[PDB]
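**Q** This structure is in structure tokens; I'll ask about it shortly.
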Amino acid sequence: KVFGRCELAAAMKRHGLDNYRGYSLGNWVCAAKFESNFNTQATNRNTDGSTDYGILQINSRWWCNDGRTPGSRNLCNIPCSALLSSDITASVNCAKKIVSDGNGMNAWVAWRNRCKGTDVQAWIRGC
Ligand code: NA
């Protein structure tokens with residue numbers, strides 16, 4: 001599913017992401033924009049054997065199982081496919097664990113390069 005901007009904003013807010021671990025709603029929507037372009041079915045292969053999954057591009061090296069990432073972990077205890085659902089529940093609940101494991105949202109490369117230190121509030125502007 002490809003989310004609309006404020007549609008995703010509302011979905012993320014309902015799942016309790018606004019100000020979660022200190023990060024305003026705009027940050028999460030901005031991350032979603034540059035990670036996946038609001039697309040829940042986004043996937044990206046990395047050179048280390050891992051893959052990024054879902055609207056927040058959560059990685060299989062630590063967070064989910066795809067059965068083909070050597071030496072990896074599965075800390076969110078889910079198949080990576082769960083992160084591709086039109087229901088963002090699995091991606092949010094996993095994202096909450098990720099952001100709570102120190103380093104904050106710096107785990108998301110796209111957020112770090114395109115969102116951090118910018119007018120992220122513009123991404124929930126007019127919702
Ligand atoms: Na949803």
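Ordering of the structure tokens sets the chain letters (A, B, ...), residue numbers begin anew at 1 in every chain, and ligands are numbered from 1 in the order given.
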Going by DSSP on the backbone, which bits of range 56-113 of chain A are strand (DSSP E or B)? Write them as a PDB file with N, CA and C atoms, in the first residue's frame, please.

**A**
```
ATOM      1  N   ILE A  58      12.999  -1.380   7.596  1.00  0.00           N
ATOM      2  CA  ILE A  58      13.634  -2.047   8.725  1.00  0.00           C
ATOM      3  C   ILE A  58      14.461  -3.237   8.232  1.00  0.00           C
ATOM      4  N   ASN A  59      15.650  -3.401   8.807  1.00  0.00           N
ATOM      5  CA  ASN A  59      16.655  -4.314   8.263  1.00  0.00           C
ATOM      6  C   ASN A  59      16.649  -5.705   8.896  1.00  0.00           C
ATOM      7  N   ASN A  65      13.280 -11.673  10.459  1.00  0.00           N
ATOM      8  CA  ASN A  65      13.802 -12.865   9.807  1.00  0.00           C
ATOM      9  C   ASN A  65      13.301 -13.016   8.376  1.00  0.00           C
ATOM     10  N   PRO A  79       8.495 -12.345  10.910  1.00  0.00           N
ATOM     11  CA  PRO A  79       9.022 -12.493   9.556  1.00  0.00           C
ATOM     12  C   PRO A  79       9.084 -11.126   8.902  1.00  0.00           C
TER      13      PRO A  79
END
```

**Q** In Å, with one decimal, what is the gap from CA of residue 20 in chain A to CA of residue 97 in chain A?

**A**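 Distance reported for this atom pair: 10.7 Å.
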
**Q** Write out, as a Markdown table, each residue of chain A that has an atom at most 6 Å from ligand 1, together with the closest pair of atoms and their distance in Å to one decimal, counting only C-alpha atoms and all ligand atoms, rows going by chain and rising number.

**A**
```
| residue | atom | partner | partner_atom_place_in_ligand_line | distance |
| --- | --- | --- | --- | --- |
| A:11 | CA | ligand 1 | 1 (Na) | 5.5 |
| A:87 | CA | ligand 1 | 1 (Na) | 3.9 |
| A:88 | CA | ligand 1 | 1 (Na) | 4.5 |
```

**Q** I'd like to know which of A:90, A:110, A:10, A:127 is closest to residue 30 in chain A, using only C-alpha atoms.

**A**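 The shortest atom-to-atom distance to residue 30 in chain A comes from A:110.
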
**Q** Give me the residues near residue 16 in chain A as a list in words, where near means some atom within 12 Å (using only C-alpha atoms) and where sequence neighbours in that chain fewer than 5 positions away do not count.

**A**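 Non-adjacent residues within range: residues 9, 10, 11, 21, 22, 23, 24, 25, 28, 88, 89, 92, 93, 95 and 96 of chain A.
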
**Q** Please write the residues from the selection above to a file, keeping N, CA, C and O atoms, as an mmCIF file, in the first residue's frame.

**A**
```cif
data_model
loop_
_atom_site.group_PDB
_atom_site.id
_atom_site.type_symbol
_atom_site.label_atom_id
_atom_site.label_comp_id
_atom_site.auth_asym_id
_atom_site.auth_seq_id
_atom_site.Cartn_x
_atom_site.Cartn_y
_atom_site.Cartn_z
ATOM 1 N N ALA A 9 0.400 10.059 8.344
ATOM 2 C CA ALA A 9 0.551 10.848 9.562
ATOM 3 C C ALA A 9 -0.490 10.432 10.594
ATOM 4 O O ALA A 9 -0.163 10.186 11.755
ATOM 5 N N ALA A 10 -1.743 10.341 10.159
ATOM 6 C CA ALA A 10 -2.830 9.918 11.034
ATOM 7 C C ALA A 10 -2.617 8.486 11.522
ATOM 8 O O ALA A 10 -2.836 8.184 12.695
ATOM 9 N N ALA A 11 -2.189 7.607 10.621
ATOM 10 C CA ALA A 11 -1.961 6.207 10.966
ATOM 11 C C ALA A 11 -0.847 6.075 12.001
ATOM 12 O O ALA A 11 -0.960 5.303 12.953
ATOM 13 N N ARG A 21 9.795 8.359 22.170
ATOM 14 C CA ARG A 21 11.231 8.415 22.420
ATOM 15 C C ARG A 21 11.798 9.786 22.061
ATOM 16 O O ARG A 21 12.992 9.919 21.795
ATOM 17 N N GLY A 22 10.930 10.795 22.046
ATOM 18 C CA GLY A 22 11.343 12.170 21.819
ATOM 19 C C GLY A 22 11.133 12.686 20.408
ATOM 20 O O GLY A 22 11.334 13.871 20.149
ATOM 21 N N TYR A 23 10.722 11.814 19.496
ATOM 22 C CA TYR A 23 10.632 12.185 18.086
ATOM 23 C C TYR A 23 9.217 12.566 17.661
ATOM 24 O O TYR A 23 8.295 11.751 17.704
ATOM 25 N N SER A 24 9.065 13.822 17.247
ATOM 26 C CA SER A 24 7.780 14.346 16.798
ATOM 27 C C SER A 24 7.273 13.582 15.579
ATOM 28 O O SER A 24 8.035 12.882 14.913
ATOM 29 N N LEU A 25 5.983 13.729 15.293
ATOM 30 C CA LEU A 25 5.339 13.001 14.205
ATOM 31 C C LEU A 25 5.972 13.310 12.851
ATOM 32 O O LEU A 25 6.084 12.429 11.998
ATOM 33 N N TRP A 28 8.867 11.012 11.755
ATOM 34 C CA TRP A 28 8.510 9.668 11.320
ATOM 35 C C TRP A 28 7.951 9.670 9.899
ATOM 36 O O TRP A 28 8.229 8.764 9.115
ATOM 37 N N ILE A 88 0.265 -1.083 9.221
ATOM 38 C CA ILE A 88 1.599 -0.660 9.644
ATOM 39 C C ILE A 88 1.919 -1.031 11.093
ATOM 40 O O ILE A 88 2.936 -0.598 11.628
ATOM 41 N N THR A 89 1.064 -1.834 11.719
ATOM 42 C CA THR A 89 1.231 -2.179 13.131
ATOM 43 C C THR A 89 2.590 -2.820 13.407
ATOM 44 O O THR A 89 3.277 -2.448 14.360
ATOM 45 N N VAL A 92 5.511 -0.309 13.009
ATOM 46 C CA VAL A 92 5.552 0.663 14.092
ATOM 47 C C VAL A 92 6.108 0.019 15.357
ATOM 48 O O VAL A 92 7.006 0.565 15.990
ATOM 49 N N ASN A 93 5.568 -1.138 15.723
ATOM 50 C CA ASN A 93 5.996 -1.820 16.938
ATOM 51 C C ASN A 93 7.475 -2.190 16.878
ATOM 52 O O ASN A 93 8.163 -2.191 17.899
ATOM 53 N N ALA A 95 9.671 -0.467 14.926
ATOM 54 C CA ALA A 95 10.347 0.824 14.916
ATOM 55 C C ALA A 95 10.526 1.357 16.334
ATOM 56 O O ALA A 95 11.538 1.979 16.649
ATOM 57 N N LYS A 96 9.536 1.106 17.186
ATOM 58 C CA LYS A 96 9.594 1.547 18.575
ATOM 59 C C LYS A 96 10.735 0.857 19.318
ATOM 60 O O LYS A 96 11.410 1.473 20.143
#
```

**Q** Pick the closest to residue 33 in chain A from A:7, A:123, A:113, A:101: which is it, counting only C-alpha atoms?

**A**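 Closest to residue 33 in chain A, using only C-alpha atoms: A:123.
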
**Q** Could you tell me how far CA of residue 122 in chain A lies from CA of residue 54 in chain A, in Å and to one decimal?

**A**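 Here the two named atoms are 22.5 Å from each other.
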
**Q** Mind listing the alpha helix (DSSP H) residues of range 22-81 of chain A, per DSSP on the backbone, as a list in words?

**A**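 In range 22-81 of chain A, DSSP puts these residues in alpha helix (DSSP H): residues 25, 26, 27, 28, 29, 30, 31, 32, 33, 34, 35 and 36 of chain A.
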
**Q** Between A:17, A:124, A:32, A:42, which has the minimum distance to residue 81 in chain A (counting only C-alpha atoms)?

**A** A:42

**Q** If you measure from CA of residue 27 in chain A to CA of residue 120 in chain A, what distance in Å do you get, rounded to one decimal?

**A** 5.5 Å

**Q** Pick out the closest residue to residue 1 in chain A from this set: A:13, A:118, A:98, A:83. Count only C-alpha atoms.

**A**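 Closest to residue 1 in chain A of all the choices is A:83.
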
**Q** Find the residue from A:67, A:8, A:104, A:44 that sits nearest to residue 116 in chain A; use only C-alpha atoms when measuring.

**A** A:104

**Q** Residues within 6 Å of residue 55 in chain A, please, as a VMD selection string. Count only C-alpha atoms; anything in the same chain fewer than 6 positions from it doesn't count.

**A** chain A and resid 32 36 38 to 40

**Q** Would you mind listing what lies within 8 Å of residue 80 in chain A as an NGL selection string, with only C-alpha atoms counted and same-chain residues fewer than 4 positions away left out?

**A** :A and (53 or 60 or 64-66 or 84)

**Q** Smallest atom-to-atom distance to residue 56 in chain A: which of A:91, A:72, A:77, A:106, using only C-alpha atoms?

**A** A:91
